[PDB]
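S.K.: I'd like to ask you about the structure that follows.
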Protein chains: 4
Amino acid sequence: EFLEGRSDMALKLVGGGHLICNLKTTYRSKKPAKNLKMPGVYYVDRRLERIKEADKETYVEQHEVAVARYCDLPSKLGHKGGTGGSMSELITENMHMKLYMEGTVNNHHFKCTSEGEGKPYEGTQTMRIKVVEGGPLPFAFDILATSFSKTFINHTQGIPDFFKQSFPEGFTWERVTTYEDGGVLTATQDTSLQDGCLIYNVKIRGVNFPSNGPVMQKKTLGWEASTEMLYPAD
Amino acid sequence: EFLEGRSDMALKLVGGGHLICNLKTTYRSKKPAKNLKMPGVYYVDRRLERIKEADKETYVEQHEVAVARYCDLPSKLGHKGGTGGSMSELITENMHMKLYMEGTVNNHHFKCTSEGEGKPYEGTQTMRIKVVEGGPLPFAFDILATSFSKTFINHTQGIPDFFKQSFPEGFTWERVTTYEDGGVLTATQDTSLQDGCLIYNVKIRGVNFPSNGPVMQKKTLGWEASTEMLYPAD
Amino acid sequence: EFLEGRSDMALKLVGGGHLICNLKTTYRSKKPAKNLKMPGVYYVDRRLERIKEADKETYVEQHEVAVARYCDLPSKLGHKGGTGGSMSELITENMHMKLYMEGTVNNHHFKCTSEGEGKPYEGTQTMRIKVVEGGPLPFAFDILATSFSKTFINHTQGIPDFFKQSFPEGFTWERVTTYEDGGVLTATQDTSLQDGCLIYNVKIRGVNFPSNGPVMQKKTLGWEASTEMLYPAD
Amino acid sequence: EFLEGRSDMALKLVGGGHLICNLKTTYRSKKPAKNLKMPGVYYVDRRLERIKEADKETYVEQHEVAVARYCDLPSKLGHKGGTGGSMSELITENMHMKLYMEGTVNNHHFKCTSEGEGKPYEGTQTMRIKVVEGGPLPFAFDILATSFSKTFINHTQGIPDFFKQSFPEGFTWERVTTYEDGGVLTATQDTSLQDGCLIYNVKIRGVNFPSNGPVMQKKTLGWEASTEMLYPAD
Ligand SMILES: [Mg+2]
């Protein structure tokens with residue numbers, strides 16, 4: 001039993017306009033099935049923003065605000081669900097995170113580290129990111145943004161927090177992002193808890209980004225906000 | 001200058017679980033560009049529900065609640081939104097609609113008519129739908145649900161209503177719904193205003209739906225709510 | 001029981017280079033299952049060439065050579081298939097065709113008629129095509145090329161000709177062509193035999209072709225040759 | 001300047017039938033552009049067959065025969081490649097190969113080694129493959145078949161051999177395979193020549209393969225033969 005997510009995000013392009021991409025994510029728990037209180041269908045509203053940038057994109061500081069909900073709207077049918085209610089004690093309201101990243105984008109190899117802090121229950125976080133190997137990146141940094149934190153989703157409407165419940169075992173995610181110009185970037189990730197710090201271990205592998213298109217030429221200017229739909233399966 | 005939308009909807013399956021599909025929509029105005037007050041990026045939360053169904057799905061009555069917004073969430077940067085403010089006079093707060101649909105799904109041809117009423121500014125509406133030809137359909141009616149009214153979106157927060165402003169000329173849409181099991185359903189549509197009634201004319205052409213998959217075997221059970229991301233281009 | 005095909009075609013672009021698209025076709029028979037001699041997996045090599053063009057693309061003349069085969073190459077295992085042998089009699093070795101087409105591409109409506117002749121068993125044909133409505137098209141004619149004749153495939157090596165067997169009842173196809181820049185074009189089609197003439201009925205519904213991309217700007221120069229992979233299911 | 005490829009392969013299923021997937025590959029040379037003799041558009045017919053299998057798939061011995069061509073078919077126009085002609089001294093007619101592979105498929109990690117030999121100019125090769133970590137795999141070995149050899153393509157008809165020309169520098173490839181049931185498997189690979197042996201280094205990352213589908217349940221039975229379409233870009 002896991003959660004699958006789906007999003008369509010929009011990339012802002014130099015000169016106006018946008019490039020769309022599609023996110024198919026599968027969220028897997030390391031905690032055993034019997035001990036989880038599974039949600040029903042729900043949505044997470046994010047806004048992901050580039051705060052600071054230095055050195056041809058080899059240093060980037062990212063902020064994110066994530067908030068989960070159920071459909072607020074009244075329903076002529078009986079899907080109040082609703083339901084809800086989850087509590088997660090290992091996660092304090094002030095948490096620190098450390099991350100390591102490694103992968104390839106169009107045959108170009110690179111490594112990244114980051115450290116950050118945020119407020120899980122409030123739905124906010126920040127990430128200070130270093131490109132350590134294979135900088136300057138020849139591709140728009142934006143495409144890695146979604147790969148740097150499911151724990152910091154503010155589940156307010158009682159909705160069961162599938163990510164915060166998982167600890168200490170942890171959770172993984174694995175995602176395939178599909179740009180409409182042809183590019184494809186898959187990423188696998190491990191979230192674990194050691195001494196009260198959240199440890200992220202990612203692996204990027206992207207291919208087929210058009211060479212004379214916005215991603216490789218770096219004509220991008222951050223993302224718009226987005227809605228992820230999340231739903232349980234098998 | 002027009003609006004493109006992107007949504008991912010979830011289809012409910014007999015036995016739990018879901019089949020996801022992707023909606024790429026282009027909304028075009030018949031009113032001239034200069035006379036339109038274009039919105040910025042925004043989102044529409046819908047909930048579409050089958051009220052009544054009779055005769056192996058040859059009569060179906062649908063209700064929808066659509067509410068548009070901007071990102072409520074605070075932004076570290078200065079994308080205040082909120083701009084806004086649009087007024088559209090031809091659309092009263094009680095509207096009636098009449099519809100004709102014709103198209104093919106996996107070589108099987110069919111025709112539909114419908115009539116309904118709803119409250120545009122409140123975001124609510126109802127549709128009473130008849131299969132007048134080629135019923136009973138060998139496919140789940142659900143896949144047509146999204147093809148029957150952009151005017152009944154409650155634009156509050158002072159978001160410019162691209163759909164209402166358009167009147168009297170009217171507007172069209174054209175969409176490609178892409179199921180993850182392989183099916184593909186495109187639709188072209190014309191909206192227009194004649195004697196204070198909203199007139200819909202649709203055309204469907206769906207192909208490649210697996211014969212032994214949920215859609216053809218009719219093992220589906222309505223949609224979950226969804227979020228559409230609407231954005232201006234060219 | 002029917003045949004599915006898959007092709008990837010390449011579009012020649014003004015200035016060198018190519019735009020790839022994907023063809024998913026389902027070919028369905030009108031003749032009863034028991035009286036057909038089903039093929040195995042096999043391949044069709046085509047080369048489609050614009051012989052003539054006049055009037056801003058409102059007259060186009062097409063030649064096609066199609067030849068189906070099985071893998072000639074030796075197999076370490078014993079896949080023979082192999083098999084083969086079909087004869088089809090309603091189809092003479094000189095056939096004439098008449099075709100009608102109607103559909104939409106990015107909200108622009110149009111109709112086409114054509115007449116042509118070829119040698120089915122030899123795998124050749126020509127088509128003389130008139131745009132009778134909604135010319136001049138604001139889009140590259142190329143994208144319609146693949147919608148104007150399955151009967152004229154030279155099945156050598158003894159492969160059972162699934163298309164020639166169908167007569168007199170006839171057969172349909174229905175296809176989704178998916179460009180990598182985003183455009184999508186589906187087409188459903190009906191074949192039949194009336195008075196020794198082959199009668200084609202096509203319908204087009206294409207959407208989402210980027211306005212500032214090759215297809216809408218007409219910066220194309222025909223297709224490259226292609227291989228279609230044909231295989232039976234249900 | 002490099003080569004892109006496109007294929008559609010068919011996977012054989014327990015109980016008959018097939019699951020199709022799409023291959024987008026980009027082939028990059030490590031040898032400098034001025035010294036390469038680029039091909040034109042062309043095709044490769046392969047047949048990949050599992051010879052032996054032992055220990056729940058932890059040992060697989062693979063055979064491949066690859067033969068490249070242009071379009072044998074006559075053209076009503078001036079397009080005859082034909083050109084062709086390439087010579088590659090460093091590659092003998094009996095070559096040896098050693099490979100290391102590492103990656104993840106649906107959150108499951110694994111490593112593979114293989115060694116093999118074949119006749120590059122004749123277009124044949126064999127691979128003896130050992131699963132060295134994380135066996136037995138919970139997924140159909142098939143989805144890995146295409147990741148173990150571009151040097152052993154028999155370029156007849158005189159097509160300039162882009163893979164053999166690269167030596168000694170070597171070449172990389174990177175590919176995205178997209179199943180129609182939802183799975184996605186990208187792979188990056190490094191080829192090189194050291195002491196007269198071909199050295200392969202692969203990395204796999206497959207995701208979003210359906211849990212209740214053929215690949216994960218191991219209901220597969222090898223590939224059908226296939227055609228890849230190769231074309232130059234940049
Ligand atoms: Mg969405």
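By order in the structure tokens, chains are A, B, ...; within a chain, residues start at 1; ligands start at 1, following the order shown.
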Near residue B:115, counting only C-alpha atoms, which residues have an atom at most 6 Å away, once you skip same-chain residues fewer than 3 positions from it, shown as number ranges by chain?
M.R.: B: 97-98, 127-128
S.K.: Would you output that residue set with N, CA and C atoms, as a tab-separated table (two decimals), in the first residue's frame?
M.R.:
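The file below, part-v6.tsv, is the result:
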chain	number	residue	atom	x	y	z
B	97	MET	N	-28.90	26.21	-20.71
B	97	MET	CA	-28.06	25.75	-21.82
B	97	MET	C	-28.65	24.57	-22.60
B	98	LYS	N	-28.31	24.50	-23.90
B	98	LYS	CA	-28.79	23.41	-24.77
B	98	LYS	C	-27.58	22.84	-25.52
B	127	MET	N	-26.78	19.23	-15.74
B	127	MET	CA	-26.94	18.82	-17.13
B	127	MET	C	-27.76	17.53	-17.21
B	128	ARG	N	-28.84	17.57	-17.98
B	128	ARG	CA	-29.67	16.40	-18.23
B	128	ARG	C	-29.42	15.85	-19.64
S.K.: Would you list the contacts of stretch 19-27 of chain B as a ChimeraX atom specification, taking every protein, DNA or RNA residue within 6 Å and counting only C-alpha atoms, but skipping same-chain residues closer than 4 positions in sequence?
M.R.: /B:3-11,173-180
S.K.: Restricting it to C-alpha atoms, dump the selection as an mmCIF file, in the first residue's frame.
M.R.:
data_model
loop_
_atom_site.group_PDB
_atom_site.id
_atom_site.type_symbol
_atom_site.label_atom_id
_atom_site.label_comp_id
_atom_site.auth_asym_id
_atom_site.auth_seq_id
_atom_site.Cartn_x
_atom_site.Cartn_y
_atom_site.Cartn_z
ATOM 1 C CA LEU B 3 -5.855 30.230 -22.215
ATOM 2 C CA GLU B 4 -4.321 26.775 -22.015
ATOM 3 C CA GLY B 5 -5.322 24.439 -19.171
ATOM 4 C CA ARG B 6 -3.778 21.316 -17.704
ATOM 5 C CA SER B 7 -5.445 18.860 -15.350
ATOM 6 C CA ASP B 8 -4.903 15.284 -14.126
ATOM 7 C CA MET B 9 -8.181 13.581 -13.188
ATOM 8 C CA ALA B 10 -8.657 10.289 -11.388
ATOM 9 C CA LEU B 11 -11.145 7.706 -12.520
ATOM 10 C CA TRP B 173 -12.352 24.708 -26.740
ATOM 11 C CA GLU B 174 -10.347 21.702 -27.951
ATOM 12 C CA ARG B 175 -8.845 19.107 -25.673
ATOM 13 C CA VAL B 176 -6.780 15.939 -25.692
ATOM 14 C CA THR B 177 -7.490 13.592 -22.796
ATOM 15 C CA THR B 178 -4.769 11.032 -22.426
ATOM 16 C CA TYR B 179 -5.351 7.897 -20.425
ATOM 17 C CA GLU B 180 -2.484 6.073 -18.859
#
S.K.: Hey, could you make a per-residue contact list for chain C against chain B with 9 Å as the cut-off, showing the nearest pair of atoms and its distance in Å to one decimal, counting only C-alpha atoms, sorted by chain and number, as JSON lines?
M.R.:
{"residue": "C:24", "atom": "CA", "partner": "B:208", "partner_atom": "CA", "distance": 7.5}
{"residue": "C:25", "atom": "CA", "partner": "B:208", "partner_atom": "CA", "distance": 7.4}
{"residue": "C:26", "atom": "CA", "partner": "B:208", "partner_atom": "CA", "distance": 6.7}
{"residue": "C:28", "atom": "CA", "partner": "B:107", "partner_atom": "CA", "distance": 8.6}
{"residue": "C:104", "atom": "CA", "partner": "B:188", "partner_atom": "CA", "distance": 8.1}
{"residue": "C:106", "atom": "CA", "partner": "B:174", "partner_atom": "CA", "distance": 7.5}
{"residue": "C:107", "atom": "CA", "partner": "B:188", "partner_atom": "CA", "distance": 7.2}
{"residue": "C:172", "atom": "CA", "partner": "B:107", "partner_atom": "CA", "distance": 7.4}
{"residue": "C:173", "atom": "CA", "partner": "B:107", "partner_atom": "CA", "distance": 7.9}
{"residue": "C:174", "atom": "CA", "partner": "B:207", "partner_atom": "CA", "distance": 6.3}
{"residue": "C:175", "atom": "CA", "partner": "B:207", "partner_atom": "CA", "distance": 6.6}
{"residue": "C:176", "atom": "CA", "partner": "B:207", "partner_atom": "CA", "distance": 7.0}
{"residue": "C:184", "atom": "CA", "partner": "B:176", "partner_atom": "CA", "distance": 7.7}
{"residue": "C:185", "atom": "CA", "partner": "B:186", "partner_atom": "CA", "distance": 8.7}
{"residue": "C:186", "atom": "CA", "partner": "B:207", "partner_atom": "CA", "distance": 7.3}
{"residue": "C:187", "atom": "CA", "partner": "B:205", "partner_atom": "CA", "distance": 7.8}
{"residue": "C:188", "atom": "CA", "partner": "B:107", "partner_atom": "CA", "distance": 6.8}
{"residue": "C:189", "atom": "CA", "partner": "B:107", "partner_atom": "CA", "distance": 8.1}
{"residue": "C:190", "atom": "CA", "partner": "B:107", "partner_atom": "CA", "distance": 8.7}
{"residue": "C:203", "atom": "CA", "partner": "B:205", "partner_atom": "CA", "distance": 8.9}
{"residue": "C:204", "atom": "CA", "partner": "B:205", "partner_atom": "CA", "distance": 8.4}
{"residue": "C:205", "atom": "CA", "partner": "B:205", "partner_atom": "CA", "distance": 6.8}
{"residue": "C:206", "atom": "CA", "partner": "B:186", "partner_atom": "CA", "distance": 7.8}
{"residue": "C:207", "atom": "CA", "partner": "B:174", "partner_atom": "CA", "distance": 6.7}
{"residue": "C:208", "atom": "CA", "partner": "B:26", "partner_atom": "CA", "distance": 7.3}
{"residue": "C:211", "atom": "CA", "partner": "B:234", "partner_atom": "CA", "distance": 8.1}
{"residue": "C:234", "atom": "CA", "partner": "B:211", "partner_atom": "CA", "distance": 7.8}
S.K.: Filtering to C-alpha atoms, could you give me those residues as a tab-separated table (two decimals), in the first residue's frame?
M.R.:
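Listed below is the output, selection27.tsv:
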chain	number	residue	atom	x	y	z
C	24	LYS	CA	-0.69	4.00	-32.73
C	25	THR	CA	-3.19	2.35	-35.08
C	26	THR	CA	-5.82	-0.27	-34.42
C	28	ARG	CA	-10.42	-3.71	-37.06
C	104	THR	CA	-10.40	19.82	-37.64
C	106	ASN	CA	-6.44	23.40	-34.09
C	107	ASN	CA	-10.00	24.74	-34.51
C	172	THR	CA	-11.85	0.15	-40.35
C	173	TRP	CA	-8.77	1.71	-38.82
C	174	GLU	CA	-8.44	4.32	-36.12
C	175	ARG	CA	-5.15	5.97	-35.26
C	176	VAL	CA	-3.42	8.41	-32.90
C	184	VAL	CA	-1.81	15.14	-31.48
C	185	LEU	CA	-3.85	13.94	-34.43
C	186	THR	CA	-6.32	11.08	-34.32
C	187	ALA	CA	-8.19	9.67	-37.31
C	188	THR	CA	-10.93	7.09	-37.66
C	189	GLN	CA	-11.56	5.59	-41.09
C	190	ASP	CA	-13.94	3.23	-42.94
C	203	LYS	CA	-12.28	11.84	-40.22
C	204	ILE	CA	-9.58	13.95	-38.61
C	205	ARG	CA	-9.36	15.60	-35.20
C	206	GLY	CA	-5.99	17.14	-34.41
C	207	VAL	CA	-5.17	19.46	-31.54
C	208	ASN	CA	-2.37	21.18	-29.56
C	211	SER	CA	1.56	27.89	-32.93
C	234	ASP	CA	-8.27	-9.83	-29.16
S.K.: Rank A:45, A:181, A:161, A:55 by their smallest atom-to-atom distance to ligand 1, using only C-alpha atoms and all ligand atoms, and report the top residue only.
M.R.: A:45
S.K.: What separation in Å, quoted to one decimal, exists between atom CA of residue C:146 and atom CA of residue C:199?
M.R.: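 Atom CA of residue C:199 lies at a distance of 16.5 Å from atom CA of residue C:146.
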S.K.: Could you write out, as an NGL selection string, all the residues of stretch 122-159 of chain B that DSSP marks as strand (DSSP E or B)?
M.R.: :B and (124-133 or 153-155)
S.K.: Check the DSSP output for the backbone and give back, as a list in words, the residues of stretch 46-152 of chain C in helix (DSSP H, G or I).
M.R.: residues 142, 143, 144, 145, 150, 151 and 152 of chain C
S.K.: Write out as a ChimeraX atom specification which residues come within 12 Å of residue D:102 when counting only C-alpha atoms, dropping same-chain ones fewer than 6 positions away.
M.R.: /D:108-114,131-134,144,147-148,187-189,200-206
S.K.: Output N, CA and C atoms for every residue in the selection just made, as a PDB file, in the first residue's frame.
M.R.:
ATOM      1  N   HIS D 108      13.643  -1.002  -6.249  1.00  0.00           N
ATOM      2  CA  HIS D 108      14.467  -2.183  -6.044  1.00  0.00           C
ATOM      3  C   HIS D 108      15.839  -2.035  -6.710  1.00  0.00           C
ATOM      4  N   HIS D 109      16.903  -2.112  -5.908  1.00  0.00           N
ATOM      5  CA  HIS D 109      18.280  -1.924  -6.372  1.00  0.00           C
ATOM      6  C   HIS D 109      18.931  -3.238  -6.813  1.00  0.00           C
ATOM      7  N   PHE D 110      19.893  -3.167  -7.743  1.00  0.00           N
ATOM      8  CA  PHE D 110      20.582  -4.368  -8.283  1.00  0.00           C
ATOM      9  C   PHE D 110      21.865  -4.042  -9.083  1.00  0.00           C
ATOM     10  N   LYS D 111      22.737  -5.040  -9.224  1.00  0.00           N
ATOM     11  CA  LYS D 111      23.955  -4.920 -10.035  1.00  0.00           C
ATOM     12  C   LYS D 111      24.117  -6.142 -10.950  1.00  0.00           C
ATOM     13  N   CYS D 112      24.660  -5.930 -12.147  1.00  0.00           N
ATOM     14  CA  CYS D 112      24.840  -7.008 -13.130  1.00  0.00           C
ATOM     15  C   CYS D 112      26.211  -6.942 -13.764  1.00  0.00           C
ATOM     16  N   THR D 113      26.820  -8.092 -14.031  1.00  0.00           N
ATOM     17  CA  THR D 113      28.022  -8.123 -14.868  1.00  0.00           C
ATOM     18  C   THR D 113      27.738  -9.073 -15.988  1.00  0.00           C
ATOM     19  N   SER D 114      28.446  -8.906 -17.089  1.00  0.00           N
ATOM     20  CA  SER D 114      28.302  -9.820 -18.209  1.00  0.00           C
ATOM     21  C   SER D 114      29.582  -9.770 -19.014  1.00  0.00           C
ATOM     22  N   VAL D 131      23.434 -11.769 -12.696  1.00  0.00           N
ATOM     23  CA  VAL D 131      22.895 -10.874 -11.661  1.00  0.00           C
ATOM     24  C   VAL D 131      23.643 -11.033 -10.349  1.00  0.00           C
ATOM     25  N   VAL D 132      24.466 -10.048 -10.011  1.00  0.00           N
ATOM     26  CA  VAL D 132      25.386 -10.170  -8.880  1.00  0.00           C
ATOM     27  C   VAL D 132      24.910  -9.595  -7.535  1.00  0.00           C
ATOM     28  N   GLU D 133      23.789  -8.890  -7.529  1.00  0.00           N
ATOM     29  CA  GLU D 133      23.287  -8.274  -6.301  1.00  0.00           C
ATOM     30  C   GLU D 133      21.791  -8.056  -6.475  1.00  0.00           C
ATOM     31  N   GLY D 134      21.007  -8.481  -5.489  1.00  0.00           N
ATOM     32  CA  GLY D 134      19.591  -8.185  -5.488  1.00  0.00           C
ATOM     33  C   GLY D 134      18.846  -9.174  -6.376  1.00  0.00           C
ATOM     34  N   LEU D 144      15.406  -5.259 -19.337  1.00  0.00           N
ATOM     35  CA  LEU D 144      16.839  -4.980 -19.260  1.00  0.00           C
ATOM     36  C   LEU D 144      17.544  -5.409 -20.557  1.00  0.00           C
ATOM     37  N   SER D 147      19.859  -3.310 -22.816  1.00  0.00           N
ATOM     38  CA  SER D 147      20.794  -2.385 -22.163  1.00  0.00           C
ATOM     39  C   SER D 147      22.185  -2.984 -22.093  1.00  0.00           C
ATOM     40  N   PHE D 148      22.286  -4.247 -22.471  1.00  0.00           N
ATOM     41  CA  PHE D 148      23.563  -4.909 -22.481  1.00  0.00           C
ATOM     42  C   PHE D 148      24.226  -4.577 -23.842  1.00  0.00           C
ATOM     43  N   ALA D 187      18.112   4.670 -19.248  1.00  0.00           N
ATOM     44  CA  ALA D 187      19.427   4.033 -19.118  1.00  0.00           C
ATOM     45  C   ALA D 187      20.487   4.861 -19.791  1.00  0.00           C
ATOM     46  N   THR D 188      21.582   5.077 -19.079  1.00  0.00           N
ATOM     47  CA  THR D 188      22.739   5.770 -19.631  1.00  0.00           C
ATOM     48  C   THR D 188      23.854   4.752 -19.670  1.00  0.00           C
ATOM     49  N   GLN D 189      24.755   4.879 -20.643  1.00  0.00           N
ATOM     50  CA  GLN D 189      25.733   3.837 -20.918  1.00  0.00           C
ATOM     51  C   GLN D 189      27.020   4.463 -21.475  1.00  0.00           C
ATOM     52  N   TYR D 200      31.812  -1.921 -21.313  1.00  0.00           N
ATOM     53  CA  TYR D 200      30.511  -1.265 -21.166  1.00  0.00           C
ATOM     54  C   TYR D 200      30.225  -0.866 -19.714  1.00  0.00           C
ATOM     55  N   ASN D 201      29.735   0.350 -19.511  1.00  0.00           N
ATOM     56  CA  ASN D 201      29.291   0.777 -18.183  1.00  0.00           C
ATOM     57  C   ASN D 201      27.862   1.329 -18.261  1.00  0.00           C
ATOM     58  N   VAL D 202      26.891   0.576 -17.740  1.00  0.00           N
ATOM     59  CA  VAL D 202      25.488   0.984 -17.797  1.00  0.00           C
ATOM     60  C   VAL D 202      24.926   1.419 -16.469  1.00  0.00           C
ATOM     61  N   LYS D 203      23.851   2.197 -16.507  1.00  0.00           N
ATOM     62  CA  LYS D 203      23.106   2.558 -15.298  1.00  0.00           C
ATOM     63  C   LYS D 203      21.642   2.607 -15.698  1.00  0.00           C
ATOM     64  N   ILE D 204      20.820   1.999 -14.858  1.00  0.00           N
ATOM     65  CA  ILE D 204      19.394   1.856 -15.100  1.00  0.00           C
ATOM     66  C   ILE D 204      18.638   2.619 -14.067  1.00  0.00           C
ATOM     67  N   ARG D 205      17.515   3.208 -14.460  1.00  0.00           N
ATOM     68  CA  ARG D 205      16.540   3.740 -13.500  1.00  0.00           C
ATOM     69  C   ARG D 205      15.088   3.688 -14.009  1.00  0.00           C
ATOM     70  N   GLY D 206      14.380   2.610 -13.670  1.00  0.00           N
ATOM     71  CA  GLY D 206      13.030   2.398 -14.158  1.00  0.00           C
ATOM     72  C   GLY D 206      12.066   2.664 -12.999  1.00  0.00           C
TER      73      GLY D 206
END
S.K.: Any idea what's packed within 8 Å of residue B:192, counting only C-alpha atoms, ignoring anything in its chain fewer than 2 positions away? Could you give it as a list in words?
M.R.: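 In the requested form, the answer reads residues 167, 168, 169, 170, 171, 190, 194, 198, 199 and 200 of chain B.
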S.K.: Could you save the residues just selected, with N, CA, C and O atoms, as a PDB file, in the first residue's frame?
M.R.:
ATOM      1  N   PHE B 167     -18.540  36.850 -24.323  1.00  0.00           N
ATOM      2  CA  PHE B 167     -19.897  37.040 -24.833  1.00  0.00           C
ATOM      3  C   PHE B 167     -20.179  38.460 -25.265  1.00  0.00           C
ATOM      4  O   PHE B 167     -19.701  39.401 -24.629  1.00  0.00           O
ATOM      5  N   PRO B 168     -20.951  38.612 -26.358  1.00  0.00           N
ATOM      6  CA  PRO B 168     -21.774  37.582 -27.024  1.00  0.00           C
ATOM      7  C   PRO B 168     -21.110  36.651 -28.063  1.00  0.00           C
ATOM      8  O   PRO B 168     -21.627  35.560 -28.327  1.00  0.00           O
ATOM      9  N   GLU B 169     -20.021  37.082 -28.682  1.00  0.00           N
ATOM     10  CA  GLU B 169     -19.378  36.273 -29.706  1.00  0.00           C
ATOM     11  C   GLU B 169     -19.323  34.782 -29.310  1.00  0.00           C
ATOM     12  O   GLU B 169     -19.757  33.906 -30.061  1.00  0.00           O
ATOM     13  N   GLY B 170     -18.854  34.506 -28.100  1.00  0.00           N
ATOM     14  CA  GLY B 170     -18.715  33.136 -27.639  1.00  0.00           C
ATOM     15  C   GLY B 170     -17.260  32.698 -27.611  1.00  0.00           C
ATOM     16  O   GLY B 170     -16.357  33.506 -27.822  1.00  0.00           O
ATOM     17  N   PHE B 171     -17.028  31.428 -27.291  1.00  0.00           N
ATOM     18  CA  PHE B 171     -15.672  30.867 -27.303  1.00  0.00           C
ATOM     19  C   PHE B 171     -15.649  29.382 -27.677  1.00  0.00           C
ATOM     20  O   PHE B 171     -16.638  28.676 -27.509  1.00  0.00           O
ATOM     21  N   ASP B 190     -17.880  24.272 -29.500  1.00  0.00           N
ATOM     22  CA  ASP B 190     -18.188  25.665 -29.782  1.00  0.00           C
ATOM     23  C   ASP B 190     -19.212  26.177 -28.782  1.00  0.00           C
ATOM     24  O   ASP B 190     -20.297  25.608 -28.643  1.00  0.00           O
ATOM     25  N   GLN B 194     -27.392  32.610 -28.017  1.00  0.00           N
ATOM     26  CA  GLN B 194     -28.515  32.887 -28.931  1.00  0.00           C
ATOM     27  C   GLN B 194     -29.803  33.026 -28.112  1.00  0.00           C
ATOM     28  O   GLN B 194     -30.344  32.039 -27.616  1.00  0.00           O
ATOM     29  N   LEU B 198     -27.374  29.543 -23.497  1.00  0.00           N
ATOM     30  CA  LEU B 198     -26.043  29.077 -23.855  1.00  0.00           C
ATOM     31  C   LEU B 198     -26.109  27.817 -24.717  1.00  0.00           C
ATOM     32  O   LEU B 198     -26.726  26.826 -24.330  1.00  0.00           O
ATOM     33  N   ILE B 199     -25.480  27.873 -25.892  1.00  0.00           N
ATOM     34  CA  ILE B 199     -25.546  26.778 -26.854  1.00  0.00           C
ATOM     35  C   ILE B 199     -24.206  26.068 -27.061  1.00  0.00           C
ATOM     36  O   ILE B 199     -23.225  26.676 -27.503  1.00  0.00           O
ATOM     37  N   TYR B 200     -24.163  24.790 -26.701  1.00  0.00           N
ATOM     38  CA  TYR B 200     -22.951  23.987 -26.834  1.00  0.00           C
ATOM     39  C   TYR B 200     -23.043  23.064 -28.047  1.00  0.00           C
ATOM     40  O   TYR B 200     -24.063  22.409 -28.240  1.00  0.00           O
TER      41      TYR B 200
END
S.K.: Counting only C-alpha atoms and all ligand atoms, which of A:215, A:232, A:227, A:137 gets nearest to ligand 1?
M.R.: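 Closest candidate: A:227.
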S.K.: Do a neighbour search on residue C:160 at 9 Å with only C-alpha atoms, toss out local chain neighbours closer than 5 positions, and write the hits as a ChimeraX atom specification.
M.R.: /C:36-40,83-87,155,165
S.K.: Could those selected residues go to a file with N, CA and C atoms, as an mmCIF file, in the first residue's frame?
M.R.:
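Resulting contents of part.cif:
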data_model
loop_
_atom_site.group_PDB
_atom_site.id
_atom_site.type_symbol
_atom_site.label_atom_id
_atom_site.label_comp_id
_atom_site.auth_asym_id
_atom_site.auth_seq_id
_atom_site.Cartn_x
_atom_site.Cartn_y
_atom_site.Cartn_z
ATOM 1 N N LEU C 36 -11.115 -15.609 -41.259
ATOM 2 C CA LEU C 36 -9.838 -14.916 -41.437
ATOM 3 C C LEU C 36 -8.655 -15.814 -41.112
ATOM 4 N N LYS C 37 -7.607 -15.685 -41.915
ATOM 5 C CA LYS C 37 -6.339 -16.348 -41.663
ATOM 6 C C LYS C 37 -5.372 -15.340 -41.005
ATOM 7 N N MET C 38 -5.411 -15.232 -39.672
ATOM 8 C CA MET C 38 -4.586 -14.266 -38.913
ATOM 9 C C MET C 38 -3.072 -14.404 -39.186
ATOM 10 N N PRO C 39 -2.403 -13.262 -39.415
ATOM 11 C CA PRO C 39 -0.937 -13.234 -39.518
ATOM 12 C C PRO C 39 -0.236 -13.407 -38.167
ATOM 13 N N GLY C 40 1.094 -13.464 -38.189
ATOM 14 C CA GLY C 40 1.871 -13.291 -36.973
ATOM 15 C C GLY C 40 2.431 -11.874 -36.937
ATOM 16 N N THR C 83 5.048 -19.576 -41.447
ATOM 17 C CA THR C 83 3.645 -19.707 -41.826
ATOM 18 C C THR C 83 3.322 -19.112 -43.198
ATOM 19 N N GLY C 84 2.286 -18.278 -43.235
ATOM 20 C CA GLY C 84 1.873 -17.605 -44.447
ATOM 21 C C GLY C 84 0.887 -18.274 -45.392
ATOM 22 N N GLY C 85 0.596 -17.541 -46.460
ATOM 23 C CA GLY C 85 -0.289 -17.944 -47.524
ATOM 24 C C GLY C 85 -1.682 -17.370 -47.415
ATOM 25 N N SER C 86 -1.968 -16.370 -48.249
ATOM 26 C CA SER C 86 -3.325 -15.839 -48.341
ATOM 27 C C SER C 86 -3.613 -15.389 -49.768
ATOM 28 N N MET C 87 -4.853 -15.593 -50.192
ATOM 29 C CA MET C 87 -5.326 -15.147 -51.501
ATOM 30 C C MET C 87 -6.648 -14.406 -51.412
ATOM 31 N N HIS C 155 2.063 -8.115 -49.588
ATOM 32 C CA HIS C 155 2.429 -9.175 -48.653
ATOM 33 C C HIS C 155 3.133 -10.314 -49.434
ATOM 34 N N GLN C 165 -8.368 -9.973 -47.296
ATOM 35 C CA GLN C 165 -9.338 -10.993 -46.867
ATOM 36 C C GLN C 165 -10.709 -10.437 -46.479
#
